[PDB]
Every structure is written in C-alpha cells, then in structure tokens.
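Structure first, then comments.
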Number of protein chains: 2
Amino acid sequence: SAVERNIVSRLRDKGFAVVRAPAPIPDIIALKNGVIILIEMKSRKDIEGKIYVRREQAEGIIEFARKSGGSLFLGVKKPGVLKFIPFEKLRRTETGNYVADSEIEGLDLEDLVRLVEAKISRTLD
Amino acid sequence: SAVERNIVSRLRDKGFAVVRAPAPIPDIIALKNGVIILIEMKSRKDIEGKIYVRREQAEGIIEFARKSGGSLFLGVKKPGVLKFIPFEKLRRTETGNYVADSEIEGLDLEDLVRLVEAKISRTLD
C-alpha cells in the first residue's frame, strides 16, 4: 500500500494517467499516450523464498492483460530498490501458481518507463 | 451507480478489460486490444435542462484523457437508451463548465464499441 502509493505518484510525475484497482484487476493501471502497462505489486514469498502469484490471481490479471492489450509486470519491493518483472518471465509451476525465479531482477522504474516511451515513439514515427 | 455497473458489465461481455475509478478520474476506464476509452457518466443537468460537467471535474478528466491518450466520452442515461458523447462535442461555457447541447445525441453502446473495434483493425492492418 505504501509502495503502491509511491509507485502511482512517481508514474503520475512521469506523465502517466494512473488508476488503482478498487478493493481480479492488476493493482496498478498506468496509461501514457496510447500505451497501457499493468503492474501487480509483490504478490508473495513461498517456502523456498520465491516471490509468487497465486493461480486464480495470476489468471485473472493475465486475462485482464490479454483483453486490454496492456503489458503486464510484477513489481517487487526490495529493501534496496523497486524491480519490475515482465509477467512472461514468471514460471508457471506444477500447481498452476506463478513464481519469479531469482536471476530475473526485472527493470527499475526508469527502464519500465523507457519501454513505454519507446513504444510511444514507434507509434508517433 | 446502477447504470455504471450495467455499462461495465456490458463492456466486459464485449471483450473489454474495465476498471471503475475508486471513490479526478473518468468513472469508467475500458481497454480492448491496445485501445483506451474513458467514460464519464451523466454528470448533470443545469437550470436550462442541459447535461453538464463542472469545471474542475471536466478539467481533471480531460487531463487524464490527454496524458493517457484515451478517447473520452460523456455517457448520458436516458429513460429510453444510453448515449455516449465524444467529450470534444461538449461546449465550454462562459463559466468554464462544459455542457452538452441537445442536437448532439452521441453514440449508442454498439456504435462506441465499433469505434473501438475499427481502431483495433487499423492497428492490426
């Protein structure tokens, strides 16, 4: 919640129109000049130390991303920095839940925004 | 609220990923395959019988539409049918408030969805 609010505010300072899902929809929906990004914040840690997204939540947000045509990301708060993982890098486990392996480390906020800004540029050009 | 809920449900039956602004953001944010539409529901009627959007609300949602790159519409519930007016057809009055003149009559839901579907088609092709 503290982290969500920080992320919304920084995306709004960076020019995005943002909405938080009301209390399954991605936690954060952020729009900028025609581009849609969807951010699910640090769902959880299983008994092996891996951040995970439970089955039904993962499927709800993957379907919201598929219909919207929006790019979906898992955001993970670290006592260090914020990392965003493209949902497609998560691994569907044997139980249908989704886990982030460690190597990953996603994008920082600037990298994420830059992905958005490059898509805007292709559309303009 | 009754009308908002109906509209969300019908847009979701039509393939959109939809979010309601939490209790200024457009009431309805609807996404489908890369296209963003923003719907503000039947703000109000002034002493001359015209549906209006107050200054600060209108400016908040116009700015949300400008940053998102989303198409903004005023939806008006009628004891008859639902009409959607492209926000650009509203008239800025002498006081900075926005009113819908009568002639207007916007799009029905199918027409609105068709605008969305044609933009998807141009992007695909």
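Annotations for the structure displayed:
- With contributions of -39500 (n - 2.57) from each DSSP H run of at least four residues, the per-residue ellipticity at 222 nm computed over chain B stands at -11000 deg cm²/dmol.
- A simple rule links phi to the HN-Hα coupling: the Karplus curve 6.51 cos²θ - 1.76 cosθ + 1.60 with θ = phi - 60°, which for the range A:73-79 gives 9, 9, x, 10, 7, 10, x Hz, with x for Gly and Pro.
- Cα gyration tensor shape for the range B:63-123, rounded if a/c is under 1.5, else prolate or oblate: oblate
- Distance violations [Cα-Cα > 19 Å] among B:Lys32/B:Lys77; B:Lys32/B:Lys89; A:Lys89/B:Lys32; A:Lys32/B:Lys119; A:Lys45/A:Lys77: B:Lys32/B:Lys77; B:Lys32/B:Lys89; A:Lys89/B:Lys32
- Packing-based ranking of A:82-90, B:88-96, A:108-116 yields A:82-90, A:108-116, B:88-96, ordered from highest to lowest mean Cβ neighbour count within 10 Å.
- Net charge, A:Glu4 excluded, C-beta distance under 10 Å - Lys, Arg +1, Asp, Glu -1: +3
- 3J(HN,Hα) from dihedral phi, the range A:90-98, Karplus parametrisation 6.51/-1.76/1.60, rounded to Hz, x for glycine, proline: 5, 10, 6, 7, 5, 8, x, 7, 10
- An ellipsoid equivalent to the protein assembly as shown, defined through the eigenvalues of its Cα gyration tensor, has semi-axes of 36, 18, 17 Å when rounded to whole angstrom and sorted largest first.
- Spin-label model distance (nm) - B:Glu117 vs A:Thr95, 7 Å beyond Cα toward Cβ: 4.2 nm
- The same position A:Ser9 in the other copies lies at 3.8 nm from this copy, comparing label points 7 Å beyond Cα toward the beta-carbon, shortest first.
- Distance (nanometres) between label positions extended 7 Å along Cα→Cβ at B:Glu88 and A:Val3: 4.1 nm
- With neighbour counts taken as other beta-carbon atoms within 10 Å, the residues A:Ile61, B:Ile7 rank, fewest first, as B:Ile7, A:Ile61.
- The range B:1-56 and the range B:63-125 have Cα centres separated by 10 Å.
- Binning all Cα-Cα separations of chain B at 5 Å, short to long from zero, yields these whole-percent fractions: 2, 10, 22, 24, 21, 13, 5, 2, 0, 0.
- Computed 3J(HN,Hα) for the range B:9-20, one whole-Hz value per residue from the Karplus formula 6.51 cos²θ - 1.76 cosθ + 1.60 where θ = phi - 60°, is 4, 5, 5, 5, 4, 8, x, 8, 8, 10, 9, 8, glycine and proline marked x.
Read the figures in this text as sums done on the coordinates, not as results from a lab. Reconstructed Cβ throughout: ideal geometry from the backbone, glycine too, with neighbour counts over all protein chains shown.
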